[PDB]
Asks: 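Below you will find the structure I want to go over with you.
Side-chain atoms are counted along with the backbone in the values below, which use heavy atoms only and exclude waters and symmetry mates. When a residue number appears, it is its place in the shown sequence, counting from 1.
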Amino acid sequence: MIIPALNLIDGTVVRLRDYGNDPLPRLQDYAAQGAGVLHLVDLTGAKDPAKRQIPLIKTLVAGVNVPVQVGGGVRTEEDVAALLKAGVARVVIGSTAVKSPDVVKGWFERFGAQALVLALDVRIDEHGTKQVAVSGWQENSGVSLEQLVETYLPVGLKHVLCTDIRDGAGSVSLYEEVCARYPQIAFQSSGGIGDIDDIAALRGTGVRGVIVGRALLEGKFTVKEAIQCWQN
Ligand SMILES: [Cl-]
C-alpha cells in the first residue's frame, strides 16, 4: 500500500515550508483516490506533549473513512490511550521505543500490536550496520535495527516504520534485507520519495507500506498514480 502523510503544526500543513491549514480536504482527497491508510505527524505534540493536537486529530479522523496512524512525541501510556480514544487507528512510537523498550512492550500487552507502529530512524554506519537513532539530529543510540526489532518480537510486533536518515532521492538494499529477515513483520518505508520512480524501486523489496509526504504536496504525482505504480 501507499500511505499518504501530512505533518501538522498548530493545524498547519508543513514540510520539514507552509502548505496551508486545511488538512481535512487534502486527507479526504487522498482517501478518495484509493488510499487505504493515512499517516499524520503531530509536530506540535512532538515539541510539547501538553499541546497535543487531539481535538484537530479527532476531527481529521472522523472526516475520513480510512485508518490513520498518528505519531509525534508519544511518551506515555496515557498518550497512546488519548490518541486511540480520539479515534486514531495506530499510534506511532519513535524515541520512546528506543528509550524505554520494557515500558513499550507493556503497551503492546495492553493495546495490542495492531494499535502500535514502531518508527525507527536508521543510519547505515561505516561498518555497514543499520544503527537506530531517535532523530536525524542526534547521535546513534547504540542499538541496531535487528537488535531492536528482536526485542519486540516476543510481544507480537507487527508494524515497523523505517526511515533511512533520504527523508525529504530514492529509498532499496536496506529494505530488502530487513524485510527478508522478518517476513512476519510489515515494514513501512519513509523518506526519499521524490518521484514516482522512487516508489517503483521499492516494488519487489518486501516493504509493505510506502509513506509519501512531500512529493504529493509538491504535485510530483498523485496518490492515484502512486497506487498504480505500487500495484504494478
Ligand atoms: Cl497491500
Side-chain angles (χ1 to χ4, degrees), residues 2-10 12-19 23 38-49 51-53 69-75 79 83 90-101 104 116-149 151-152 157 159-179 185 187-195 198-199 201-202 205 207 209-218 220:
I2 295 291
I3 306 171
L6 294 185
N7 306 296
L8 307 167
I9 298 205
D10 303 323
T12 297
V13 178
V14 307
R15 114 172 177 87
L16 303 351
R17 178 179 148 208
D18 185 307
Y19 295 98
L38 302 163
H39 179 93
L40 299 178
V41 178
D42 184 352
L43 295 169
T44 298
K47 251 304 164 290
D48 180 11
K51 290 177 177 286
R52 198 173 303 294
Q53 304 183 79
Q69 332 180 127
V70 190
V74 173
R75 315 252 179 272
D79 294 340
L83 286 165
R90 309 209 281 261
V91 181
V92 178
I93 312 165
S95 68
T96 307
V98 182
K99 169 178 89 175
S100 302
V104 174
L116 302 172
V117 174
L118 306 190
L120 309 180
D121 290 351
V122 166
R123 293 195 181 97
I124 302 181
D125 69 14
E126 51 276 15
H127 305 142
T129 297
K130 307 161 193 77
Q131 308 284 359
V132 178
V134 299
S135 82
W137 54 277
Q138 286 172 99
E139 288 201 289
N140 300 338
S141 291
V143 63
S144 72
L145 182 49
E146 289 92 340
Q147 289 151 11
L148 204 46
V149 162
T151 301
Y152 288 99
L157 179 62
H159 303 283
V160 175
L161 186 176
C162 179
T163 312
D164 185 347
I165 41 179
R166 287 316 151 106
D167 184 1
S171 297
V172 166
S173 195
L174 151 73
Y175 289 116
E176 293 168 331
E177 305 165 16
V178 309
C179 290
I185 291 177
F187 285 93
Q188 300 164 20
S189 58
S190 186
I193 305 291
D195 76 7
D198 294 332
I199 287 175
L202 287 173
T205 64
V207 171
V210 183
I211 304 218
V212 185
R214 182 159 121 105
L216 295 172
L217 291 177
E218 289 174 347
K220 304 295 199 57

Asks: Using atom types as modelled and distance alone, determine if a side-chain donor or acceptor of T205 lies under 3.5 Å from a backbone N or O of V172.
Replies: no
Asks: Calculate, to the nearest 0.5 Å, the distance between atoms CG and CH2 belonging to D121 and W137 respectively.
Replies: 11.5 Å
Asks: State, to 0.1 Å, how close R52 and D42 come at their nearest heavy-atom pair, and which atoms those are.
Replies: CG-OD2, 3.5 Å
Asks: Look at the side chain of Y152 and the backbone N and O of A97, then say whether any donor-acceptor pair between them is shorter than 3.5 Å.
Replies: yes
Asks: More than 12 heavy atoms of other residues, nucleotides or ligands under 6.0 Å from CD of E139: yes or no?
Replies: no
Asks: For the pair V178 and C162, evaluate side-chain contact (heavy atoms from CB on, under 4.5 Å) and give the outcome as yes or no after the intermediate values.
Replies: CA-CA 10 Å; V178 309; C162 179; 5.6 Å; no
Asks: For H127, does its backbone N or O pair with a side-chain atom of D125 as donor and acceptor, under 3.5 Å?
Replies: yes
Asks: Under 3.5 Å, is there a donor-acceptor pair linking the side chains of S100 and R75?
Replies: no
Asks: Nearest 0.5 angstrom please: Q147 CD to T129 OG1, how far?
Replies: 8.0 Å
Asks: Can you list everything that forms a ring-ring contact (aromatic ring centres under 6.0 Å, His included) with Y175? Sequence neighbours excluded, please.
Replies: none
Asks: Write down the atom of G73, the atom of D79, and the distance for their closest heavy-atom approach.
Replies: O-OD2, 4.0 Å
Asks: Is the side chain of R166 donor-acceptor paired with the backbone N or O of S171 at a distance under 3.5 Å, no angle test?
Replies: yes
Asks: Below 4.5 Å, heavy atoms only, C-beta onward: do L16 and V14 meet side chain to side chain?
Replies: yes
Asks: Are the side chains of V117 and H39 in touch, meaning some heavy atoms are under 4.5 Å apart?
Replies: no
Asks: So, taking the atom named CG in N140 and the one named CD1 in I165, what distance separates them when rounded to the nearest 0.5 Å?
Replies: 7.0 Å
Asks: If you count every heavy atom of other residues, nucleotides or ligands that lies below 6.0 Å from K99 atom NZ, does the total exceed 12?
Replies: yes
Asks: Which distance, rounded to the nearest 0.5 Å, do you find between the NZ of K130 and the OG of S173?
Replies: 8.0 Å
Asks: Do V74 and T96 come close enough that some side-chain heavy atom pair is under 4.5 Å?
Replies: no
Asks: As an exercise, state the distance from CD1 of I193 to CZ of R214, rounded to the nearest 0.5 Å.
Replies: 12.5 Å
Asks: Quick one: CD on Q69 to CD on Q188, what's the gap to the nearest 0.5 Å?
Replies: 4.5 Å
Asks: Are side-chain heavy atoms of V13 and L8 found at a separation under 4.5 Å?
Replies: yes
Asks: Show the nearest heavy-atom pair for residues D198 and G170, with the distance to one decimal.
Replies: OD1-CA, 3.1 Å
Asks: Looking only at non-hydrogen atoms, find the nearest pair between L148 and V143 and report the distance.
Replies: N-CG2, 3.9 Å
Asks: Minimum heavy-atom separation for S141 to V134, with atom names?
Replies: OG-CG1, 3.7 Å
